[PDB]
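# An overview of the molecular structure
What follows is the residue order along each chain.
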Amino acid sequence: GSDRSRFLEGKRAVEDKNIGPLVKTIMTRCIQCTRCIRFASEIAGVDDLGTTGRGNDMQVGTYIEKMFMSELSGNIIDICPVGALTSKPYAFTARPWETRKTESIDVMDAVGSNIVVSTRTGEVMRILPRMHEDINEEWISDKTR
Amino acid sequence: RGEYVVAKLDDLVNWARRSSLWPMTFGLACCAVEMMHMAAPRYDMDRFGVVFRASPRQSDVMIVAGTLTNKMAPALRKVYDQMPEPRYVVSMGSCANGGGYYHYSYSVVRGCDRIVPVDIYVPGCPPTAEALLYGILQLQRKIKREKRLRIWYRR
Amino acid sequence: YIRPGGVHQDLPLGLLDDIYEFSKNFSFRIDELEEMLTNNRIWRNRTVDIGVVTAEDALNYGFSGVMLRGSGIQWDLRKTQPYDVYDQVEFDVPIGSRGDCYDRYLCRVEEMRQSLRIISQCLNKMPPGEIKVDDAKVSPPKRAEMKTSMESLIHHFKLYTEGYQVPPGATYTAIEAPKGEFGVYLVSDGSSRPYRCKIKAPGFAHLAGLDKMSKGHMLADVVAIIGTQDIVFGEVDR
Amino acid sequence: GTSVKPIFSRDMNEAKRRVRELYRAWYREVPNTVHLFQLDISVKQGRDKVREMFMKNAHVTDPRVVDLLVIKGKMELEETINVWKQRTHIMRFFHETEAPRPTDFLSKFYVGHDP
Amino acid sequence: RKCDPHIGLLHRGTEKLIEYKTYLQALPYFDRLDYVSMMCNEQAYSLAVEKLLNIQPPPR
Amino acid sequence: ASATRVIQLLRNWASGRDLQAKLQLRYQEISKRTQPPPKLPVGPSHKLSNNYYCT
Amino acid sequence: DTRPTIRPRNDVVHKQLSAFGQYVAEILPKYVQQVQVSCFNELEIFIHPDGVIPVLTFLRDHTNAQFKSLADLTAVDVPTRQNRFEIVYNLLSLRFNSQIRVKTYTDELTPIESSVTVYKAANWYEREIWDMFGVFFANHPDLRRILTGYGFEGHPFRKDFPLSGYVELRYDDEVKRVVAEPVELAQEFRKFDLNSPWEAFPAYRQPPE
Amino acid sequence: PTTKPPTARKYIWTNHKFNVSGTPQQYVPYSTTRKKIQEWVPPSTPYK
Amino acid sequence: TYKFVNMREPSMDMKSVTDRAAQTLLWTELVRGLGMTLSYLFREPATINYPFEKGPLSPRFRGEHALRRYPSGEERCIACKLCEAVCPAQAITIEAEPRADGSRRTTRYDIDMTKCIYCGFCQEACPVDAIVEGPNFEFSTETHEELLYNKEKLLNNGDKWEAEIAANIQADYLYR
Amino acid sequence: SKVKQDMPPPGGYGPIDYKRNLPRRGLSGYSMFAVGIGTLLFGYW
Amino acid sequence: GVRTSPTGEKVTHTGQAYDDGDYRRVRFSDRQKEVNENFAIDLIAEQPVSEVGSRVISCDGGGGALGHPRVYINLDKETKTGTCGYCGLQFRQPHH
Amino acid sequence: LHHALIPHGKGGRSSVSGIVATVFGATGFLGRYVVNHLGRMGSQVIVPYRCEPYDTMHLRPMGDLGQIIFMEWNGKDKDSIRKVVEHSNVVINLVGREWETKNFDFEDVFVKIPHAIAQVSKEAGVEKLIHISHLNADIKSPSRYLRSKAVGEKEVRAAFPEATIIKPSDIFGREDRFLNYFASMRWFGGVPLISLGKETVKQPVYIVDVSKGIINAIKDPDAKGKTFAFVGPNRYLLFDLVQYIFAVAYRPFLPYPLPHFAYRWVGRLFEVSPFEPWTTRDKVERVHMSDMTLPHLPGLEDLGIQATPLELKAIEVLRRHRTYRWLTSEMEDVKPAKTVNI
Amino acid sequence: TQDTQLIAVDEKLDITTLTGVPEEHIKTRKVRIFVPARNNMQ
Ligand SMILES: NC(=O)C1=CN([C@@H]2O[C@H](COP(=O)(O)OP(=O)(O)OC[C@H]3O[C@@H](n4cnc5c(N)ncnc54)[C@H](OP(=O)(O)O)[C@@H]3O)[C@@H](O)[C@H]2O)C=CC1
Ligand code: SF4
Ligand code: SF4
Ligand code: SF4
Ligand code: SF4
Ligand code: SF4
Ligand SMILES: [K+]
Ligand SMILES: [Zn+2]
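Residues numbered from 1 in each chain as written, not as in the entry; some residues may be left out. Chains lettered and ligands numbered in written order. Part of a larger assembly, values for the part shown. Heavy atoms only, no water.

## Details of helix α10 (residues 222-229) of chain C
All names here are of chain C. Under the convention used in this document: The rule is simple: take the accessible area with a 1.4 Å probe, protein chains only, and divide by the maximum for that residue type; under 20% is buried, over 50% is exposed, in between is partly exposed. A helix here means a DSSP run of H or I that spans at least four residues, while a strand means a run of E at least two residues long, and both kinds are numbered starting from the N terminus. Directions from the helix axis toward the C-beta atoms define the arc.
Those residues of α10 lying buried are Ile-225, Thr-228 and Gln-229. The buried residues of α10 all sit within an arc of 105° when viewed along its axis, so they share a single face. Opposite the packed face of α10, turned more than 90 degrees from it, sit the exposed residues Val-223 and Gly-227. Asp-230 lies just past α10 and shows a positive phi near 55°.

Okay, structure coming up:
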């Protein structure tokens, strides 16, 4: 990365959406990496995500208001590289550099999905999916998230 | 009335005790050399009248200034024992108050409180000269509001 | 105030004038110190030949600062290995013969005057420029830049969460500290934290020779020895 | 690998012999510290006190690690004779203030969830 | 005849907590190292870190 | 400053030095405590062209 | 050099001190395993933990080196190494205004020959290492606790030692003395996992294992 | 302030207070957060 | 460039030895010591009257901390947690929460005043100038609990010390 | 606006003395001795 | 705007108030409860809803450099009203 | 239990034990030791101190920050009592005055006050009470101490049916007012023990066992309602102790069989001093009254506390009394004092 | 080649006596050894 900006013009802003009381969508912070639309269409098996517009705008969302009903919808938080998609329950409760991550498994499902439990000062903040490939890869159910 | 007399004798005694302290200074860290800066002419901590060294037995208030490590832990407590009554200690600086910048270190007791009881907590790292001189003035007023003779007559 | 990459804050306007005011009057005060102290027989007698270390014993003992200069060793980090900007300045190193504490007392006093000329040249030749490096990855951006340009916000955010990552290495850099040679041996893991940073406390080597410079003299002179040994408990006890 | 450099002692016989000499020295030094330190303990309990911390580390085989151990005991005895340590330092060894801890599994269970 | 000093009466785990604080957080320790001179210690720590960083300060 | 001429020639003679030339404390020689607004400079990389951080 | 932010390099000192590098190598092949010069223009002489006294005495009296005035000796406690402690000497040449570094490796049960004979400055640096790191130095007049408290048990800068240590002290009234109890903190020292998951400077990349 | 008074704002105290330590009006710290791990509510009934 | 500090030799002529003998037999350098401090006696003192007047300070002064708020009265803190990360003695402990309105600011803000070191990293870390150290320094106490601050006390000081904070930051935001 | 920072006056600054200004004061060694006997001889007379 | 708890103390803006049975209330007895009289929750509402006729507005926060980093909030969600995530000031286009 | 009362931690200062003590009269011989032990596992002490905070200052460094909450109160004010124990798991009472005062008569400190706290604390909603009563106290004793403590003991037990009553026999310690009291004869002439003191036996107990009993009584559920008697493991004829402790102090033992009627007047003559009297007529016969050995009352061993013999736990307090002439000495030296061992 | 009483000792290295760990943190402290799994956010 550089150390200073050459941008002297106005910026661009996008209307925020709401696709479920479990993920927060700040679409202005999106980088149009289209990681969301692919994860939904190929892995989640749903098509509630898409990229509308022509030009710089290129809004990514649902056009018509909808909600992410996927049982694996929680992983799209992990997929988004920016703060465009974030966990609603965790929203502004902790910051990453203070969480003492620990490893455990899912129990809601018999799969025993490997999870990373992020705790801080003696309480559990977030359930993050671990990497195990052949059993759970890097994704966990919405219930255990 | 005897209550009025015990009040006047109370006022007469502590007026000296709030104007004639003698500080046994414990020179430990940057808070300690900062004290001697207060005794410098710019602030004159001797005009109220408390001598900069005051010796062990010729002392009233022990200003605990600096980091208090367990190395010095028994030496200060034995010193506090030798300090005659009425004796008060003013914990100076974040290190002596609660530990400050070395609170989590392995070789420092977290706060001078855990070793001796403190009358005045002056904060700073280091506290500015008057910021501790004000604390001395705070201890000065703390001596004004005591009921020593009054409690004895009440008993 | 001094940070990796420069000084964090700027010089407030009118600050250097007061430096000029104090420096002009400072020399007058130091003569008052000498007038009371230099020729005083009681002080001199209590500080001549009381505590003395030879050239090879001092230099072998890891001594530095005043003691090598007091013993006559022609060494000073500012002149031999001029760091920062000390190359472009004029001064002298007050060394002396004999090696006792009176000359060490004289060494410090002439350092005062030889210091005073440095500030005199420094505020006479203060150049205009930015206070910190123009590298945002090591220097936090200006507050106005933070609230206007994003890369300033991101870099300041990362500079104030983990900070810059120092590449691995192991350097012992020492400078002419006012009391001696202060050095830090810092090994870098390659992350945003130092793996291990060992402090070369000048008094730590100085107090190590307390046996040598307090051999034979009367008991009353030991406090004088630490007085000229110049031991501050802050760094010798680490 | 396998070949090692002895600290001071190669064989266990003379390694334990130095332990014996330390063992000899401290039993000669137990009463005098109690006398000079104006202590509040008897000579006896110090002697088996000395004995028992010979025992907390009596089940180690390596000649080097015990040889660092014996000098460490030497590293404590000279502090005691030279009255370098204070009263608070050698009664710390005579653990007195701390509350006794639960020993049985049930007492540990009753107090807290700390294994 | 004997001049062995008993020191450590001030000792703090300075190097130990330096190991756990970042470089920016490590700076104030040196200001607190020598309780007679403050600022010249920052020169030593700063000069080391910039040397490792291969970054030189501006002439100002 | 305050101090009259009679006290002055006593302190000059006893010290042997002209102390009134410069005092150890300041009457009016300092910068006015508030200062006019400043304008900080710029550095070698506040440009928009050929300042790629890679080189 | 149009770039004023980079540290300006110094090539002449680099090659000259590197030229001194193989000098100390050729005359002492028995002792030196590795000679290193860094981008910061400093030499590190990697030596075996057997000839500390000779190689230091060599640098101390050599007419073309006279590398003396021991700065400091310290370890690193590199844990993932079969010899955790790495005793590191620093010497400051007076006649040639240069600096040298000789580093060894040493396990907790392998004494170091006392360098007090070479640099009787080192009479105090090692005493700190004896307690603060734990590595004992052989054939040495006196190695006591000089930094930690009296009767302290452990080795603080060992990487296994916590910041708060194992004991905490207070004044206890029944015993009328200061007593030490197992350490229990009012506030837990909040650790911070902060290393960037992305690749740092590619220059020092570890090769694929 | 006679020459240059401070900018008037609502949250600024209209009556400055001196240091209060040692008086019945002291400061006493306390947890500002909310209760967590809230105790499971038990029902009553008569019984089974 | 080196300067000797003691290499002068005393001349053995009659005048110099007369100076030396006169110097010690009837003390003069000691009397010169008397004269110097006597001139110091007939000089003004530099001792100020506390708290009737105190030594000068600077707008950059770092002292007792105080959270601030916007001209609307809305708090400045956004619980970005920068100050806690940089706080070198870990005197900052903060907990955030999705505030009911939706601005989602901090729930807890406890400054361990007896752990802080007044380094000033907290104010420069904050991107919204929420946490600043007021110029106050006479805030001593008799209780340890008083020193341990909290969000309420911090907000109260910002309501108390507001003229100074606004003015000092107004004289300094161009500098930093 | 032009750049304005803490800069020295264009003539730099006034000269700052730094050498030792120990004063050369007092009468001659014989002079002290001469008066010393002078007061004494007056004393016994 | 702050209510008094049944015990006799007040409630902080976070919603903190000790229950009567809690023993920690003793810290407050013989003393007072420090609570900021002004509450940021109700101190953001009296600001009039700004009516600016533009698609995107940057909210500096007042004072320019002496404010908060500018955020180009968006004014197109007619049902909602745009708000700066730092200031909370409610920006809406009049009737769009 | 209340949510912020579950015991936590390994028993350190910053570990919440759960007990919420409100020790009364902690500024005394026993109050300092108990409040330390209550502060040693993390119990928020709520002591109403009444004297100058300076005399209560030494109680500060035996607890975590924000644990020892000093509170103002008045002995003759019910509202003062109500505030301090309004929210307390337990309340512990040690209000005791060894001498007789003008403002408080002896029954004021042992009949009114001990019962004046039980009913209001029950009114506030307490769960326990550890009001103590001297074991030697007797209804028909010639000492006002033993009469007053007995009559107050039934009232506090009746008003609070769960009020455990501790019966300390003789709590010896650093300033127990017995060992230093026995040492005090050196300045006051010949030891005025009546009839040479061959007719009275005491059973003393080392203080910190008693405090250990109090905390044990707190955490033991069986304590409610019951009455515990706290005695040491060996008993002595008082002629032994005075000869004993004089020999431990290595001072010249100087007994003198002063007649009983003489000391009766002398005791009140000691009380003539307006300040703290050295000896009271209530203590003149309190010393000469022996101890009872009621077996039905549970003791320290039943409570789970072993009793340290006086011989071992004497050199601590004793060292103050001995001068330089034998200051450097250690334990033993003095003969093991012969016990009559019931 | 390194003759300083180079003598074979085959017992497993056990410095447990000198590290400083107390009698309960040596045994009760079960320690895990894994590689930190990549943070799924990054
Ligand atoms: N030798 C002994 O002390 C013996 C004591 N006991 C009993 O055991 C307990 C010992 O308690 P301990 O604290 O050691 O005793 P102390 O006499 O040493 O101290 C008594 C404490 O209670 C306070 N107090 C006493 N009477 C009153 C009153 N009327 N009004 C207000 N406060 C009062 C005292 O205040 P202040 O400090 O101002 O005086 C002090 O805090 C008492 O019940 C005692 O009678 C039994 C046998 C022997
Ligand atoms: S995954 Fe996130 S960043 Fe990528 S297109 Fe979707 S919303 Fe934008
Ligand atoms: S943290 Fe990342 S996603 Fe969030 S605002 Fe900053 S750059 Fe955008
Ligand atoms: S509080 Fe700060 S200034 Fe005072 S001793 Fe501690 S570190 Fe030094
Ligand atoms: S000044 Fe105090 S509160 Fe602010 S960052 Fe430094 S230590 Fe933390
Ligand atoms: S005070 Fe500033 S830095 Fe700290 S959490 Fe609030 S906004 Fe962030
Ligand atoms: K995301
Ligand atoms: Zn805004």
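## Some words on the sheet that holds strand β4 (residues 169-176) of chain C
The condition is simple: Strands qualify as paired when DSSP identifies two bridges or more between them. Lines fitted to the C-alpha atoms define the axes, with helices restricted to the stretch that makes contact. Angles between their N-to-C directions range from 0 to 180 degrees. Every residue pair with non-hydrogen atoms within 4.5 Å of one another is taken to be in contact.
One open sheet accounts for three strands, arranged β4-β5-β6 (chain C); its pairing is antiparallel. The open sheet has two free edges, formed respectively by β4 and β6 (194-200) of chain C, since each of these has just one partner strand. Pairwise comparison of adjacent strand axes, ignoring direction, gives a mean angle of 15° for this sheet. Note: β4(C) against strand β5 (residues 181-188) of chain C, eight bridges, orientation antiparallel. Paired with C:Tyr172 across the strands is C:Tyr185, a residue of β5(C). Against the sheet, helix α3 (residues 39-53) of chain E engages β4 and β5 of chain C, with an angle of about 145° to β4(C).

## Re the interface of chain J and chain C
Quoted interface sizes are often the accessible area lost when the parts come together. To keep things clear, this is the line we draw: Reported buried area values correspond to the accessible surface (1.4 Å probe) lost by two parts on association, with both partners' losses combined. For this analysis, a salt bridge means a side-chain nitrogen from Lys or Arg found within 4 Å of a carboxyl oxygen belonging to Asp or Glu. We call two N or O atoms a polar contact when they sit within 3.5 Å, provided that within protein one can donate a hydrogen and the other can accept it, with sequence-adjacent residues counted only if both atoms are side-chain atoms. In the scheme used here, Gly and all other residues not listed as nonpolar or charged are polar, with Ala, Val, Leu, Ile, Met, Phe, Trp, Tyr, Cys and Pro taken as nonpolar and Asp, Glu, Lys and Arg as charged.
With 18 residues of chain J at the contact, the number on the chain C side is 28 residues. Sorting the residues of chain J by area buried against chain C places J:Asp6, J:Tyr13 and J:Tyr18 first, and these three jointly supply 40% of that buried surface. Connecting chain J to chain C are zero salt bridges. Taken together, the links from chain J to chain C amount to nine residue pairs in polar contact. Its residues placed into classes, the side of chain J that touches chain C shows eight nonpolar, five polar and five charged.

## What about the coordination of the potassium ion (ligand 7)?
Put simply, the rule is: Each metal's donors comprise the N, O and S atoms found within 2.8 Å of it (within 3.2 Å for Na, K or Ca). Water is not part of the atom list, so some coordination spheres may appear incomplete.
Protein coordination at the potassium ion (ligand 7): the donors are A:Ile77 (O), A:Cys80 (O), A:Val82 (O) and A:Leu85 (O), at 2.6 to 2.9 Å from the metal. Mapping the donors of the potassium ion (ligand 7) onto the primary sequence yields the spacing I-x2-C-x1-V-x2-L.

## Comments concerning the pairing of strand β4 (residues 88-92) of chain G
Within a regular beta strand, the side chains point alternately toward one face of the sheet and then the other, so they alternate between its two faces. All names here are of chain G. Counting buried positions over the five residues of β4 gives five, a clear majority of the element. Alignment of strand β3 (residues 70-74) against β4, held across three bridges, turns out to be antiparallel. Residue pairing for β4: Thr-74 is matched across the bridge by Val-88. Note: β4 against strand β5 (residues 99-103), five bridges, orientation antiparallel. Looking at the pairing, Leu-91 lines up with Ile-100 of β5. If you look at the hairpin formed by β4 and β5, you'll find six residues sitting between the two strands, and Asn-97 has a positive phi there, around 35°.

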